[PDB]
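Report on the structure given below.
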Amino acid sequence: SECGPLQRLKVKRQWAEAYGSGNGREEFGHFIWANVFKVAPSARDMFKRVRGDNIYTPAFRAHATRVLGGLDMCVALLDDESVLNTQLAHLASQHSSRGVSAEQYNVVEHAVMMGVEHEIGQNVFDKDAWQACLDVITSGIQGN
Amino acid sequence: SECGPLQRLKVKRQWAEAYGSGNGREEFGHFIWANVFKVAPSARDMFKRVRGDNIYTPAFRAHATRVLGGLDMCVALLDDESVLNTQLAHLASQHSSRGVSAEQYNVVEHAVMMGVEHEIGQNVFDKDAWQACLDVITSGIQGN
Amino acid sequence: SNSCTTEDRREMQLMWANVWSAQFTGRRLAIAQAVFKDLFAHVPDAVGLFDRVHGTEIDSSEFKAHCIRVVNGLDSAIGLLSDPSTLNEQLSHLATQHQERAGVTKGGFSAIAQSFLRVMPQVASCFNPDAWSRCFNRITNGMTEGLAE
Amino acid sequence: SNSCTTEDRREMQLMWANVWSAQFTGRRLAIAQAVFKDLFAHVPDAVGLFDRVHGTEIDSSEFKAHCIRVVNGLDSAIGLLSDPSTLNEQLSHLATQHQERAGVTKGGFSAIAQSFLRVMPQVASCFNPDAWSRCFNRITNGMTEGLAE
Amino acid sequence: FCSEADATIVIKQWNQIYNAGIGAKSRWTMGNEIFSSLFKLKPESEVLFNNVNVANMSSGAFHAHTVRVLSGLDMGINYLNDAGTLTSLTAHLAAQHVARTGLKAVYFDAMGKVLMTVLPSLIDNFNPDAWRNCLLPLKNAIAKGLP
Amino acid sequence: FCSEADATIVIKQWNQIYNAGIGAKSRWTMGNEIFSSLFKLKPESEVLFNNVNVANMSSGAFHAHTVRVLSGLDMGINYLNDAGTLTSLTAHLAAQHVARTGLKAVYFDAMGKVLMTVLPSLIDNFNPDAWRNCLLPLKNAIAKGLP
Amino acid sequence: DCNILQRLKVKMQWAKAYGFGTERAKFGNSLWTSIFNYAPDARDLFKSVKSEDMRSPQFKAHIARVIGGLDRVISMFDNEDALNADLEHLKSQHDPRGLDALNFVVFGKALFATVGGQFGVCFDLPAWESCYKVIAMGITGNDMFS
Amino acid sequence: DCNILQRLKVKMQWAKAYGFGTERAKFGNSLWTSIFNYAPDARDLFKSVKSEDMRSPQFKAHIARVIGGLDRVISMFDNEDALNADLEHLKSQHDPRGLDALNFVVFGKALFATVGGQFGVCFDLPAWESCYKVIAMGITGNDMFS
Amino acid sequence: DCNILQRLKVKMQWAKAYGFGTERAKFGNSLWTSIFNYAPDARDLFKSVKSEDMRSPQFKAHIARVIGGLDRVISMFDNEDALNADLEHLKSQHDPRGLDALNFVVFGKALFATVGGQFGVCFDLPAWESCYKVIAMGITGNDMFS
Amino acid sequence: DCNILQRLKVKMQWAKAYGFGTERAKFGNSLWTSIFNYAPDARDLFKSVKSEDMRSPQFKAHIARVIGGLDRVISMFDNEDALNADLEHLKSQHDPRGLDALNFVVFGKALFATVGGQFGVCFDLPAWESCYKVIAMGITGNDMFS
Ligand code: HEM
Ligand code: HEM
Ligand code: HEM
Ligand code: HEM
Ligand code: HEM
Ligand code: HEM
Ligand code: HEM
Ligand code: HEM
Ligand code: HEM
Ligand code: HEM
Ligand SMILES: *[C@@H]1O[C@H](CO[C@@H]2O[C@@H](C)[C@@H](O)[C@@H](O)[C@@H]2O)[C@@H](O)[C@H](O)[C@H]1NC(C)=O
Ligand SMILES: *[C@@H]1O[C@H](CO[C@@H]2O[C@@H](C)[C@@H](O)[C@@H](O)[C@@H]2O)[C@@H](O)[C@H](O)[C@H]1NC(C)=O
């Protein structure tokens with residue numbers, strides 16, 4: 001599927017519901033990263049500085065806050081090609097020296113998708129739109 | 001992390017909430033052992049006498065009741081070094097002829113931890129305190 | 001009828017929860033030790049049944065750990081009164097644990113039943129002896145199936 | 001007391017949510033750009049601190065992306081006011097991001113604080129400047145721990 | 001002192017680990033951890049507790065001291081919404097401390113950092129800002145007049 | 001007979017597997033399982049049902065017998081809270097059984113164990129204590145006067 | 001009449017109006033209050049169960065047996081073999097009483113009024129008239145119910 | 001008296017009737033309203049804390065310290081060492097005041113009425129009489145509390 | 001002592017804790033539950049009224065007689081002639097049963113906890129202690145209650 | 001005036017006070033009740049849409065088009081190109097009607113009162129005065145709205 005103008009609009013509104021104002025954000029981020037580390041326990045080592053061993057710590061919850069804020073900026077920029085590419089390049093440099101595999105970006109991608117679906121319900125979740133538009137985001141964080 | 005006096009107090013109160021008075025105990029024990037046997041299906045054979053094949057049976061629910069009661073006695077004794085060691089030694093003899101691996105004690109350990117978190121919420125669950133103080137308990141059930 | 005009714009079950013779990021300490025053995029240990037003190041002072045030859053857990057030394061760590069086990073087993077049974085299917089299985093496990101021990105009979109349980117009937121009003125508020133003993137007996141009935149009189 | 005109270009925290013999240021756009025940068029970009037326009041017109045030497053993101057060209061894609069980052073970081077902090085444990089960690093991360101940069105001091109944050117105090121009533125309904133600045137300062141206090149005056 | 005909503009948070013998180021239904025063993029366990037930590041930040045202050053047998057922190061005398069310290073702290077917490085009474089309660093606590101020779105106000109600063117350090121290990125969702133907004137007015141009101 | 005809360009449990013768990021909205025095929029399926037089990041515990045009693053063609057338990061006559069047995073059991077269950085009427089209902093059922101030659105009270109004991117055995121296979125969260133407290137007074141009141 | 005559809009319809013509406021627990025006794029009391037009001041002479045036929053006092057445990061017991069009989073017969077509406085066998089059994093109990101068959105007509109009227117007044121407007125009276133005929137025919141054998 | 005069971009019983013019923021937050025001050029105000037009503041002469045003993053106005057922050061502060069003292073002492077009921085040590089500490093504070101021990105008897109009556117009136121019918125008055133004796137004995141040393 | 005003012009207070013607090021209708025039965029059950037919890041051995045003294053089962057009609061009749069005796073005695077607290085006539089009458093019914101007068105001390109404790117737990121915090125325990133003594137002295141004649 | 005912040009502010013408060021569904025028609029009816037009350041002479045200008053009866057489907061249709069016009073114009077406040085293009089389109093429709101520009105001033109007053117009376121106290125009247133000028137300027141071209 002393709003991340004066209006319509007899919008970007010749907011993803012935008014569905015993200016706003018899942019991400020919310022701030023009250024369910026701690027649970028939202030927890031659900032995502034409990035999934036990431038379950039599917040890929042080996043990924044924990046890259047998060048040594050932010051207590052990847054214990055995602056219940058305030059240290060890691062702040063990291064999950066930053067990750068979600070990064071997704072929020074990209075989703076909000078999905079209708080702004082030029083600015084989105086600039087922000088995606090900034091995220092790319094933030095991960096450049098960390099050796100993040102393409103397999104791991106897909107793991108977090110799936111966790112983000114299970115988390116939004118868990119937050120808004122399988123009844124409305126648009127898997128094709130979300131898969132296509134997160135691909136656009138992750139692929140820009142990997143350079144290409 | 002270390003299972004010091006403060007962590008023992010936190011674990012005590014968090015266990016009392018999760019274990020409760022008796023109404024949610026059947027669901028509490030079920031959640032734990034559905035996790036144990038999912039992560040390690042091979043462990044079922046050691047529970048032949050108590051219907052490890054079918055954790056819905058009254059036979060196994062009574063076994064889960066005994067396990068939780070054993071944990072309750074240890075948690076309640078975490079502030080009583082001398083008596084706790086006596087009870088832990090009693091649990092050790094109850095498992096001596098069963099060949100329980102150190103890997104399996106960690107599986108049940110993780111299931112107990114996911115069950116308490118599922119019962120009280122990820123929002124309050126103290127992973128470091130629970131990991132450290134269950135280590136003290138399991139390590140005493142294994143002799144050392 | 002003298003049967004442990006649904007009503008009697010609710011009342012016993014209330015009498016028990018209003019005394020039980022969910023975090024510290026201090027209240028459990030006190031009740032249990034007080035029960036066996038009563039039992040030993042009424043049944044002198046019973047102390048020798050607990051030679052293994054230092055029954056003569058009620059304040060030893062060995063008998064403290066045994067008291068906690070007894071009270072834990074009673075607590076599990078009182079809670080399982082809400083689920084008699086599972087309760088029946090648990091009471092069978094307790095029965096075989098009290099089986100194959102000479103001196104452990106149906107007469108000692110009637111004695112400890114009186115022990116609880118004297119200890120509990122001293123520590124429990126709003127204690128109902130009628131509703132308590134009807135379900136306590138219901139519990140001991142499963143614990144003494146294959147025991148001598 | 002001038003302390004950011006639980007009350008003040010609720011009010012700020014209301015002042016912020018009634019302006020924040022959850023789906024489109026149009027409202028975030030406008031607020032942010034307006035803040036730095038105010039900051040630059042009051043602190044002229046500040047523009048050179050953002051040489052890297054084209055501070056002189058407020059409508060460039062590079063500074064648009066920086067504005068979005070600043071507003072995203074403020075949004076995260078305002079939301080984390082409900083969870084100060086995590087908030088304290090996040091404010092430390094922001095502090096080291098503003099550290100090791102000559103010209104970035106505690107005086108620039110007092111200036112941008114006034115910038116927000118002039119921008120926000122123009123776009124926010126029911127704006128409370130007292131409750132806003134008490135918690136805005138609480139936020140900047142963590143962001144300026146190891147900074148020069 | 002501090003706002004009603006902040007005070008409500010502090011009071012609730014305090015009853016969670018401290019109330020009338022809690023055996024004294026956990027009371028002096030917390031007290032021993034608190035004071036042992038105070039003697040690690042300010043070793044000079046351990047000499048001030050010689051009258052209550054600080055030499056043996058397992059003694060009945062020192063257990064009782066920590067119990068009445070935490071009880072006084074509990075008393076201040078539970079009167080956060082009665083500012084007039086809290087003023088009198090803290091004024092009395094101040095007199096009980098100014099009279100003690102060797103006490104510096106910095107020792108109460110150190111106690112504050114000990115409380116901010118220990119309590120999160122004990123309390124679910126410990127709110128350090130609501131606790132700071134309320135404890136710091138308490139700390140100063142008890143250390144008011146101290147060197 | 002039995003307490004109101006116990007009776008409430010029995011009645012609810014009974015309507016779960018037996019009510020007016022249930023086709024008779026499941027009615028005699030349960031009846032066939034119940035009586036086949038009774039003939040396995042007490043084979044001597046199968047001769048007593050010769051009048052309703054127990055030889056063929058798929059016959060219309062024996063299906064009808066089990067249906068009216070379960071209907072009578074249903075009638076007693078649904079009057080557990082009307083003790084005066086249940087006394088009359090069980091007195092009538094007793095007369096309908098005392099008159100039958102060859103019936104021992106032990107046969108009703110065996111039927112009780114069959115019910116306690118079969119019903120958990122059919123009923124969600126079967127409560128054997130609430131059922132014992134209520135069925136045993138029913139069983140005795142129907143077997144009252146039996147040899 | 002009383003085809004298979006009407007038999008299912010009757011089973012549906014019966015289960016609803018009959019209900020659970022003590023409502024069953026209220027239905028039964030209403031059914032018999034109607035019978036004795038439709039035909040006051042019929043009351044003297046039930047002195048063996050103390051119809052002198054419809055609140056007595058004796059008559060309450062009779063009510064329960066009767067409506068329990070209706071329920072089991074209606075439940076077997078879809079199986080001719082079991083149905084006729086039980087109807088024959090009811091006939092062998094009622095025949096020695098030498099009952100005027102006109103009272104089974106009265107019973108039917110009271111049953112329709114009670115079920116329909118409990119079930120509501122969607123009561124299928126023709127189906128209940130047809131399928132009650134099948135019941136009264138099996139118990140009495142009278143061609144008045146043909 | 002005041003065995004270990006009665007000490008636990010007293011700790012239970014105290015925690016319930018004492019409650020949390022502002023209810024604590026209401027309990028304490030009731031306790032002292034009773035003391036001054038039982039013995040009006042006792043009020044003049046507390047002019048150092050402004051018993052002239054029981055609503056004043058001075059007397060409210062006194063109430064808090066006293067009931068806080070009861071709570072900590074009751075909390076240490078299960079540890080003799082800490083208990084007696086704190087009771088000795090209370091004795092050293094009350095001895096220089098030269099208090100008639102008959103007022104500690106009055107205090108006990110007012111405490112029983114307040115706790116029992118707050119806790120309800122299941123109040124164990126004998127246990128509270130026994131275990132208060134232990135408290136008043138430690139503070140006064142008077143064998144009136146033997 | 002129990003002076004006229006204390007008699008008025010007790011009459012007023014009794015009337016209120018006692019209540020109307022089935023509240024009296026519930027009041028009475030609590031008093032006797034407390035008595036048998038305060039002294040389990042005293043229960044065997046009441047086999048004449050089936051104390052084995054406290055919800056039995058025989059024991060509920062005894063409860064009603066006892067709290068009925070309390071009510072009428074308390075009501076006559078302000079007439080010495082009538083009051084002493086009834087206490088003498090109650091003494092004549094109790095004396096040939098050889099009761100240990102210490103059980104009347106236990107009874108008073110349970111009465112205080114029951115009335116007080118029902119009436120609330122403003123229960124006057126000194127008033128009730130002194131006036132119950134007058135009752136227990138009138139019934140037992142034991143100068144224990146002097 | 002009417003900077004980008006005021007344009008966002010106006011878009012916010014408009015969306016809130018405008019609402020969804022039938023409330024939209026109630027807002028619109030209130031807006032036009034105010035216009036005709038502020039300037040009764042303006043009513044005769046709308047006989048082509050049956051302003052003779054503001055409840056008629058003809059005038060209700062006119063109300064919908066107008067407030068729909070406000071909504072789309074306010075929605076384009078952040079895009080000059082689309083905004084001016086639509087304002088030119090509205091100007092080409094209103095110019096042949098030869099409307100006194102003083103009625104667009106009246107329209108603005110009625111709009112402020114309706115939005116502010118629906119939105120509440122936090123209504124930003126200066127921002128609405130500035131940004132309505134931009135709208136009326138685009139439709140009329142009159143420098144009265146400068
Ligand atoms: C797919 C969308 C992702 C987003 C939106 C995202 C966002 C972020 C952000 C905003 C930061 C903060 C950087 C800083 O402030 O220094 C960060 C840090 C980091 N991210 Fe990601 N990230 C993504 C994917 C991943 C993946 C898939 C991995 C590894 C499997 C990863 C590993 C890391 C690491 C190791 C850090 C450094 C944390 C630290 O030690 O401070 N990221 N990420
Ligand atoms: C880690 C905490 C554990 C606790 C508190 C615990 C507790 C208990 C208790 C109280 C019993 C009852 C013994 C008796 O009454 O005879 C029991 C039985 C048993 N446990 Fe554990 N246990 C733990 C760990 C494990 C693990 C990790 C395994 C295997 C992976 C295990 C395997 C068994 C088996 C096979 C039995 C015998 C059941 C039977 O056949 O009757 N236990 N446990
Ligand atoms: C409600 C009453 C009772 C309960 C709930 C109870 C429960 C228990 C439990 C849970 C154990 C631990 C078994 C194990 O860990 O393997 C135990 C052990 C034992 N009990 Fe009981 N019991 C009760 C009454 C009695 C009585 C009345 C007697 C004797 C007259 C008795 C004699 C024993 C003995 C001899 C042992 C084993 C000694 C040992 O484990 O070191 N129990 N009981
Ligand atoms: C509430 C106020 C502020 C917030 C929330 C904030 C937040 C942020 C954030 C999130 C970044 C992105 C860092 C990164 O992506 O690595 C950033 C960058 C930066 N900020 Fe701030 N900031 C604030 C105030 C200020 C002030 C007052 C100054 C200077 C006087 C300043 C100077 C800078 C600089 C120089 C950079 C890095 C340039 C670049 O990334 O290209 N900030 N800020
Ligand atoms: C929240 C903090 C504190 C509270 C609420 C508090 C309160 C109290 C209380 C109630 C007492 C006993 C008064 C009595 O005798 O009736 C006490 C004793 C004392 N406190 Fe504080 N205190 C606190 C912190 C400190 C600190 C930081 C120090 C520094 C050394 C200190 C030094 C002492 C000393 C020396 C005593 C006397 C010990 C003795 O009896 O020999 N306290 N405190
Ligand atoms: C809950 C248990 C039982 C109930 C409610 C019950 C009730 C009934 C009822 C209602 C009937 C038909 C009465 C009629 O003709 O109108 C019946 C028939 C009969 N029952 Fe019972 N019964 C029960 C158990 C038993 C048992 C254990 C036996 C032992 C053999 C037994 C033997 C019979 C016999 C022989 C008949 C007569 C069959 C015939 O018509 O030829 N029943 N029972
Ligand atoms: C569909 C209609 C009817 C059904 C299903 C029915 C069913 C029953 C049943 C189940 C019994 C109890 C048999 C027993 O256990 O001994 C009974 C008894 C009886 N029935 Fe019927 N009945 C119906 C109509 C009538 C009518 C219309 C009359 C008379 C006008 C009648 C007269 C009697 C009498 C006199 C008894 C016995 C009374 C006694 O035991 O003293 N029935 N019936
Ligand atoms: C169990 C009973 C009692 C307890 C637990 C208790 C406890 C206390 C406490 C904690 C203080 C505060 C000490 C301080 O911080 O300076 C105090 C002070 C005092 N108490 Fe007691 N008390 C009890 C009974 C009594 C009685 C019966 C009297 C007199 C009839 C009394 C007279 C006083 C006085 C006069 C003060 C000091 C007033 C002042 O500071 O001006 N106390 N008591
Ligand atoms: C303190 C106030 C008491 C009052 C007002 C009271 C009143 C009464 C009354 C009215 C009766 C019924 C007399 C009759 O009609 O035969 C009665 C009976 C009796 N009372 Fe008391 N009583 C009191 C205390 C006690 C106590 C403390 C005990 C023993 C512990 C006691 C033992 C008995 C006994 C054994 C009976 C006979 C029960 C029977 O009829 O079998 N009374 N009392
Ligand atoms: C911001 C202010 C206004 C807006 C957005 C607006 C918008 C509109 C719209 C959308 C139409 C429908 C065009 C069509 O589909 O044919 C219309 C028609 C019309 N407007 Fe305006 N209008 C405004 C103010 C006014 C004022 C102040 C007047 C006169 C005092 C006026 C007079 C008319 C008339 C006479 C019509 C046509 C009536 C008809 O169709 O018979 N408008 N306007
Ligand atoms: C410190 O105290 C420990 C606890 O013992 C209790 O307190 C002491 C002060 C005595 O009063 C004793 O009777 C109590 O049981 C002792 O176990 C420990 O040995 C003491 N340490 C030293 C160095 O004496
Ligand atoms: C037993 O009955 C089975 C069911 O058939 C039905 O019942 C019998 C009694 C007849 O009335 C028949 O017309 C019914 O359809 C038979 O299928 C089966 O063959 C019978 N078994 C024997 C041995 O005859």
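Residue numbers begin at 1 in each chain, while the letters A, B, ... track the order of the sequences.
- Between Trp32(J) and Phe46(J), the two ring planes are perpendicular [angle over 60°; tilted spans 30° to 60°].
- Partners of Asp95(J) according to the side chain to side chain contact (heavy atoms under 4.5 Å, CB included) rule, which considers only residues two or more places apart in sequence or in another chain, are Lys91(J).
- Identified under the disulfide (SG to SG under 2.5 Å) test for residues 113-146 of chain J, with sequence neighbours left out: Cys126(D)-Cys122(J), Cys2(J)-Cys131(J).
- Using a 4.0 Å cut-off between charged side-chain N and carboxylate O, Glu7(D) and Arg134(D) make no salt bridge.
- Proximity of a side-chain donor or acceptor of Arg28(D) to a complementary backbone N or O of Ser21(D) within less than 3.5 Å is detected.
- Residue-environment remark: CD (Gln94(A)) exceeds the threshold of 12 foreign heavy atoms within 6.0 Å.
- Atom CD1 of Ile135(J) sits about 7.5 Å away from atom CG of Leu111(J), to the nearest 0.5 Å.
- Side-chain atoms of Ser133(D) never come within 3.5 Å of backbone atoms of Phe136(D) as a donor-acceptor pair (strictly under, hydrogens ignored).
- Separating the CD atom in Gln90(D) from the NE2 atom in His63(A) is a distance of 11.0 Å, to the nearest 0.5 Å.
- At least one donor-acceptor pair closer than 3.5 Å links the side chain of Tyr132(J) to the backbone N or O of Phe104(J).
- Among residues at least two apart or in separate chains, there is no disulfide (SG to SG under 2.5 Å) pair with a member in residues 8-47 of chain J.
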Run the side-chain donor-acceptor check on residues 104-111 of chain D: report pairs under 3.5 Å with partners two or more places apart or on a different chain.
| residue | atom | partner | partner atom | Å |
| --- | --- | --- | --- | --- |
| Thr105(D) | OG1 | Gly107(D) | N | 3.3 |
| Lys106(D) | NZ | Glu149(D) | OE2 | 3.3 |
| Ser110(D) | OG | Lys106(D) | O | 3.2 |

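- More than 12 heavy atoms of other residues, nucleotides or ligands sit less than 6.0 Å from atom CD of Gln97(D).
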- After noting the C-alpha distance and the side-chain angles of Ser61(D) and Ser82(A), does the key distance pass the side chain to side chain donor-acceptor pair (under 3.5 Å) rule? CA-CA 7 Å; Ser61(D) 289; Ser82(A) 170; 2.6 Å; yes

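- Within a 6.0 Å radius of CG in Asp130(D), other residues, nucleotides and ligands contribute more than 12 heavy atoms.
- Taking the charged nitrogens against the carboxylate oxygens, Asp83(D) and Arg61(A) have no contact shorter than 4.0 Å, which rules out a salt bridge.
- Side chain of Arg25(A) to main chain of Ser21(A): a donor-acceptor pair is present (N/O by atom type, distance under 3.5 Å, no hydrogens or angles).
- Residues satisfying the disulfide (SG to SG under 2.5 Å) criterion with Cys74(A), sequence neighbours excluded, are absent altogether.
- For the side chain to side chain contact (heavy atoms under 4.5 Å, CB included) test, residues two or more places apart in sequence or in another chain that qualify with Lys50(J) are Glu52(J), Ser56(J), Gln58(J).
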- Might you work through the salt bridge (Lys or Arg N to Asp or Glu O under 4.0 Å) test for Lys64(D) and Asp80(A), ending with a clear yes or no? CA-CA 11 Å; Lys64(D) 280 178 176 183; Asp80(A) 204 335; 5.4 Å; no

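- Among residues at least two apart or in separate chains, side chain to side chain donor-acceptor pair (under 3.5 Å) pairs with a member in residues 115-131 of chain J are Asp1(J)-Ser130(J), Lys9(J)-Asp124(J), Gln13(J)-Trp128(J).
- Put simply, the side chain of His90(A) reaches to within 4.5 Å of the side chain of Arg69(D), judged on heavy atoms.
- Legend: residues meeting side chain to side chain contact (heavy atoms under 4.5 Å, CB included) with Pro58(A), ordered by chain and number and at least two apart, are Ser85(D), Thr86(D), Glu89(D).
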With a 3.5 Å cut-off and sequence neighbours excluded, list the donor-acceptor pairs that the side chains of residues 11-20 of chain D form with protein atoms.
| residue | atom | partner | partner atom | Å |
| --- | --- | --- | --- | --- |
| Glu11(D) | OE1 | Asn128(D) | ND2 | 2.5 |
| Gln13(D) | NE2 | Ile78(D) | O | 2.9 |
| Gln13(D) | NE2 | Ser82(D) | OG | 2.9 |
| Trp16(D) | NE1 | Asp75(D) | OD1 | 2.7 |

- In sequence, state the C-alpha distance, the side-chain angles, and the governing distance for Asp8(D) and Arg138(D), and then conclude on salt bridge (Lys or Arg N to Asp or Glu O under 4.0 Å). CA-CA 11 Å; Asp8(D) 296 340; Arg138(D) 160 67 182 95; over 6 Å; no

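- Residues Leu83(J) and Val73(J) meet the side-chain proximity criterion, which asks for heavy atoms closer than 4.5 Å.
- Judged purely by atom type and a 3.5 angstrom limit, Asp86(J) has no side-chain atom pairing as donor or acceptor with the backbone of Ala82(J).
- With respect to the salt-bridge test (charged N to carboxylate O, under 4.0 angstrom), the residues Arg24(J) and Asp71(J) do not qualify.
- Ring pair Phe27(J)/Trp14(J) is perpendicular by interplanar angle, where above 60° counts as perpendicular and below 30° as parallel.
- The disulfide (SG to SG under 2.5 Å) analysis of residues 48-111 of chain D, with sequence neighbours excluded, yields no pairs.
- Rounding to the nearest 0.5 Å gives a distance of 10.0 Å between OG1 of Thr144(D) and CD of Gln99(D).
- The closest donor-acceptor contact from the side chain of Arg7(J) to the backbone of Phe77(J) lies under 3.5 Å.
- Taken to the nearest 0.5 Å, the CD1 atom of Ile68(D) stands 9.0 Å off from the CG atom of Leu84(A).
- No side-chain donor-acceptor contact under 3.5 Å links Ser139(A) to the backbone of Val136(A).
- The OG1 atom of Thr25(D) sits 11.0 Å away from atom CD1 of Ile31(D), with the distance rounded to the nearest 0.5 Å.
- Donor-acceptor pairing under 3.5 Å is lacking for the side chains of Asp128(A) and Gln131(A).
- A distance-only check finds a donor-acceptor pair linking the side chain of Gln14(A) to the backbone of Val124(A) [under 3.5 Å].
- Between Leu80(D) atom CG and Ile139(D) atom CD1 the span is 9.0 Å, to the nearest 0.5 Å.
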N/O donor to acceptor pairs below 3.5 angstrom from side-chain atoms of residues 49-57 of chain D, sequence neighbours left out:
none

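- Using the six-membered ring where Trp is involved, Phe28(A) and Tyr19(A) have ring planes that are tilted, between 30° and 60° apart.
- Put simply, the side chain of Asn85(A) gets close to the backbone of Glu81(A): a donor and an acceptor are under 3.5 Å apart.
- Contacts of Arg10(D) classified as side chain to side chain contact (heavy atoms under 4.5 Å, CB included), with partners at least two apart in sequence or in another chain: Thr6(D).
- Checked by atom type and distance alone, the side chain of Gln33(D) pairs as donor or acceptor with a backbone atom of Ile58(D) at under 3.5 Å.
- Between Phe123(J) and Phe112(J), the ring planes are tilted. Angles from 30° to 60° get that label.
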